[PDB]
Amino acid sequence: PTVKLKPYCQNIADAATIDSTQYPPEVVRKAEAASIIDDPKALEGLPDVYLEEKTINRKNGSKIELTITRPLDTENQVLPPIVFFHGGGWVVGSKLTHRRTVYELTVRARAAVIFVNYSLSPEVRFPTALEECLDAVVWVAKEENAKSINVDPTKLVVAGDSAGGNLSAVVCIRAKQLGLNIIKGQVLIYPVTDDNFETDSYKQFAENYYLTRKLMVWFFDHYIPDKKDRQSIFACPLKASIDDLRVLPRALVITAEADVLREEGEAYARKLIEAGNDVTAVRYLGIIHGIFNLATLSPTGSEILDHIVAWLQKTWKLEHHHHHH
Amino acid sequence: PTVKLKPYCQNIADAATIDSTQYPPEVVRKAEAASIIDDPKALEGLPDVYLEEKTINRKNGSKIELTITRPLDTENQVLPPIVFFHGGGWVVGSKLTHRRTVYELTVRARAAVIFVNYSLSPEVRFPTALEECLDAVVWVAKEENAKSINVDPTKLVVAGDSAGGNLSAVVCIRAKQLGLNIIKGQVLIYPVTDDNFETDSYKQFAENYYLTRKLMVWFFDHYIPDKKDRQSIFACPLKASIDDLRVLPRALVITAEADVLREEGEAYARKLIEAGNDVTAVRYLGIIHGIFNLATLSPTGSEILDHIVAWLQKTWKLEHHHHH
């Protein structure tokens with residue numbers, strides 16, 4: 001069938017009219033920031049949140065920067081924590097590009113969203129960001145830390161979009177390998193899971209749908225320069241064996257119909273199912289990649305967030321019984 | 001890619017099956033009912049609900065039996081109404097086969113679910129059921145009727161699975177033609193939308209996925225014997241023009257990955273998008289058709305109901321929005 005995009009996503013697809021691969025990453029990031037600040041709709045209907053900037057200090061003196069958002073009037077309430085990893089191909093993206101998505105998730109889920117400002121590539125390479133994210137989850141799951149930011153570590157979930165979905169997936173595999181049972185759910189929004197740039201979705205949507213093959217290649221080349229390293233399952237979790245993926249957290253995998261990453265996201269969901277996990281995998285029709293890193297939120301983006309919230313609410317209900325509490 | 005079914009759906013798919021197309025419909029129905037009753041789990045973990053049975057007297061002297069379920073302690077609370085059309089290929093299905101699904105929707109959405117026991121085929125043909133379902137929606141939307149069963153007609157949504165998805169869709173189109181503005185949303189769960197038995201999903205899942213191409217042909221044969229009538233958009237709404245499908249109610253279209261009807265459901269969603277409607281279309285991976293007409297509810301079935309409920313709540317909020 002021929003893809004019929006929804007109006008918003010069509011608009012975005014045609015709007016993308018500049019090659020970021022021709023510029024240095026700092027320039028691209030500054031242009032991105034400007035495109036958010038200069039969007040006249042960027043602040044319209046933006047929910048109000050209580051925001052806190054938090055630094056966690058590692059052993060040697062290094063820092064992980066966390067941005068924590070929560071609904072207003074939750075000052076003495078303990079909330080479920082959502083540790084969020086943003087997309088941007090490991091090279092761009094920020095609390096600003098994902099402000100819309102994060103503020104909406106915060107007030108719809110009534111959760112503390114813990115946004116990890118991880119180190120971007122190429123200034124660092126794989127696996128530095130991954131280790132920062134794992135360290136952030138480990139920090140949040142620790143009882144005294146969770147008390148300090150009024151969240152309930154028994155409801156911790158990881159969530160992320162695109163390259164952030166990759167990070168969510170592999171942080172889960174990694175925590176499993178360290179014998180930790182601290183992540184209760186993973187939400188993967190059109191994740192990067194492999195480096196095969198000739199899957200059918202890659203062929204069909206290689207150009208003119210905002211996220212391009214060219215851009216994916218550029219991202220991978222900055223993140224993992226030496227191609228052999230791409231064989232690590234912590235880079236490309238689709239290459240993992242079924243046994244590698246057993247006993248992972250309850251998962252929601254969301255894919256876009258018109259997206260180069262569609263096939264690998266759906267194949268990763270099939271592998272998670274083979275491995276006996278609790279997996280919900282859904283493809284949304286008529287949308288493209290990138291609806292969650294913009295100044296505004298498409299109608300379908302909003303439906304998707306309502307879905308994610310319903311699923312999170314079920315996840316937390318599952319926990320609450322058999323009690324913790 | 002090769003389809004990976006989830007365990008529950010795999011087991012359902014692998015099960016010992018009898019060719020229903022070899023038996024008369026009435027026998028199929030009694031056997032179906034028996035299949036629900038003799039399941040020891042059909043009643044275990046079933047939500048408790050307040051149930052009321054209501055008869056509609058149609059203008060032509062025939063009756064529609066309505067089964068209305070709402071949550072306990074809601075006798076004197078006004079609730080949103082969901083008018084529900086069950087699946088079964090227009091030939092089978094009942095308040096019993098969908099009891100599990102309906103009770104769960106009832107307590108999860110905390111809504112009044114109005115289950116239409118419409119007349120089955122071949123005892124009647126197209127379009128008798130469609131006419132009954134439309135009359136049921138008009139009845140609920142009528143203010144004194146809505147007040148009598150404590151529902152808020154400003155939130156009326158239609159919902160249906162399979163052939164019941166078909167009915168939901170076309171009821172909307174019919175209501176549009178009659179200039180009625182009483183449906184605020186439509187939920188189409190892997191709906192029948194066309195009669196092309198040779199789409200890609202029909203070919204790929206023709207056998208061994210519970211719902212078969214054989215069974216669909218049998219269904220269409222009982223529902224619409226005279227093939228000329230299959231050209232009606234009220235039989236196959238996929239055949240409607242884009243202009244025909246304009247300004248329909250806000251829609252949620254859910255398809256199953258391993259299902260013969262997958263392609264036409266998704267094609268109908270694309271047409272609804274082309275026509276400028278508010279449409280959410282989702283394909284759930286690793287499942288088959290028919291998870292909503294059984295004694296139990298699969299894990300994915302449960303997730304899907306949670307999805308629908310979230311979507312319904314957004315629908316109900318959008319409708320009440322201007323009251324501010």
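Every number in this text was worked out from the coordinates using simple rules, so none of it is lab data. Every residue, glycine as well, gets a Cβ built from its backbone with ideal geometry; the counts of neighbours run over all protein chains shown.
Worth a mention:
- Within the option set B:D243, B:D259, being more than 13 Å from chain A (Cβ to nearest Cβ) and surrounded by 24 or more Cβ atoms within 10 Å (Cβ to Cβ) holds for one residue only, B:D259.
- Selection over segment B:3-26 of residues that are in contact with a helix residue (DSSP H, G or I) (Cβ under 9 Å, 6 or more places away or on another chain) and more than 18 Å from A:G276 (Cβ to Cβ) gives a count of 6.
- Whichever residue in segment B:312-324 is more than 16 Å from B:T106 (Cα to Cα) and within 11 Å of chain A (Cβ to nearest Cβ) and, among such residues, is nearest to the chain's Cα centre (by Cα): B:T315
- Residues (of a type outside the set (G, A, S) and surrounded by 13 or more Cβ atoms within 10 Å (Cβ to Cβ)) located in segment A:8-20: A:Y8, A:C9, A:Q10, A:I12
- Within segment A:81-103, tally of residues that are basic (K, R) and either surrounded by 24 or more Cβ atoms within 10 Å (Cβ to Cβ) or touching a residue at least 60 places away in the same chain (Cβ under 8 Å) (or both): 2
- In segment A:165-185, the residue that is nearest to the chain's Cα centre (by Cα) out of those that are among the small types (G, A, S) and either surrounded by fewer than 24 Cβ atoms within 10 Å (Cβ to Cβ) or farther than 17 Å from A:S232 by Cα (or both) is A:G185.
- Flag if B:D229 is more than 9 Å from every other protein chain (Cβ to nearest Cβ) and surrounded by fewer than 19 Cβ atoms within 10 Å (Cβ to Cβ): yes
- Of everything listed in (1) surrounded by 24 or more Cβ atoms within 10 Å (Cβ to Cβ); (2) more than 11 Å from every other protein chain (Cβ to nearest Cβ); (3) among the hydrophobic types (A, V, I, L, M, F, W, C), the single unmet condition for A:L248 is (1).
- Just one of the listed residues (B:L215, B:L188, B:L156, B:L180) is touching a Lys or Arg at 6+ places or on another chain (Cβ under 8 Å) and either of a type in the set (V, I, T) or touching a residue at least 24 places away in the same chain (Cβ under 8 Å) (or both), and it is B:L156.
- Among the candidates B:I288, B:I254, B:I273, residue that is facing another protein chain (nearest Cβ under 8 Å) and either free of Cβ contacts under 8 Å to residues at least 24 places away in the same chain or among the aliphatic types (A, V, I, L, M) (or both): B:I273
- Criterion applied to B:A281, B:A295 was being within 8 Å of chain A (Cβ to nearest Cβ), in contact with a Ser or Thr (Cβ under 8 Å, 6 or more places away or on another chain) and either touching a residue at least 24 places away in the same chain (Cβ under 8 Å) or not acidic (D, E) (or both), and the one residue passing it is B:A281.
- A:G61 meets all of the listed conditions (1) within 25 Å of A:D306 (Cα to Cα); (2) more than 20 Å from the chain's Cα centre (by Cα) but one, namely (1).
- In segment B:94-111 there is no residue matching the filter, namely being within 18 Å of B:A169 (Cα to Cα) and outside any helix (DSSP H, G or I).
- Only listed residue being more than 20 Å from A:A251 (Cβ to Cβ) and either surrounded by 21 or more Cβ atoms within 10 Å (Cβ to Cβ) or in contact with a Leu (Cβ under 8 Å, 6 or more places away or on another chain) (or both), chosen from B:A281, B:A295: B:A281
- Yes/no for B:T300 being within 10 Å of chain A (Cβ to nearest Cβ), hydroxyl-bearing (S, T, Y), out of contact with any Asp or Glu (no Cβ under 6 Å at 6 or more places or on another chain) and within 29 Å of A:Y190 (Cβ to Cβ): yes
- Here B:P47 does not qualify as without any contact (Cβ under 8 Å) to a residue 60 or more places away in the chain and either surrounded by fewer than 21 Cβ atoms within 10 Å (Cβ to Cβ) or not aromatic (F, W, Y) (or both).
- Of the numbered criteria (1) closer than 28 Å to B:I242 by Cα; (2) surrounded by fewer than 22 Cβ atoms within 10 Å (Cβ to Cβ); (3) touching a residue at least 40 places away in the same chain (Cβ under 8 Å); (4) at the interface with chain A (Cβ under 7 Å from one of its Cβ atoms), the one B:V309 fails is (1).
- One residue stands out among those in segment B:130-148 that are part of a helix (DSSP H, G or I) and of a type outside the set (A, V, I, L, M, F, W, C): the one that is surrounded by the most Cβ atoms within 10 Å (Cβ to Cβ), which is B:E132.
Every residue, every condition in (1) of a type outside the set (A, V, I, L, M, F, W, C); (2) farther than 22 Å from A:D73 by Cα, yes or no:
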| site | (1), (2) |
| --- | --- |
| A:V102 | no, no |
| A:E123 | yes, yes |
| A:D135 | yes, yes |
| A:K142 | yes, yes |
| A:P153 | yes, no |
| A:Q186 | yes, yes |
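- Matching residues, segment A:19-62, being in a loop (DSSP other than H, G, I, E, B) and over 24 Å from A:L297 (Cα atoms): A:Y23, A:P24, A:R58, A:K59, A:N60, A:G61, A:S62
- In segment A:149-175, the residues that are in a helix (DSSP H, G or I), closer than 13 Å to A:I114 by Cβ and aliphatic (A, V, I, L, M): A:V171
- Single match in A:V151, A:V107, A:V78 (criterion: crowded, with 24+ Cβ neighbours inside 10 Å, farther than 21 Å from A:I288 by Cβ and in contact (Cβ under 8 Å) with a residue 12 or more places away in the chain): A:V151
- Any pair with Cβ under 9 angstrom, 6 or more apart, that starts in segment A:9-37 at a residue that is free of Cβ contacts under 8 Å to residues at least 40 places away in the same chain and ends at one that is part of a helix (DSSP H, G or I) and among the hydroxyl-bearing types (S, T, Y): A:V27/A:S20; A:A31/A:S20
Let's see how each residue does on (1) farther than 23 Å from A:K30 by Cβ; (2) of a type in the set (K, R); (3) within 14 Å of the chain's Cα centre (by Cα):
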| residue | (1), (2), (3) |
| --- | --- |
| A:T97 | no, no, yes |
| A:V102 | no, no, yes |
| A:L105 | yes, no, yes |
| A:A111 | yes, no, no |
| A:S119 | no, no, no |
| A:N145 | yes, no, no |
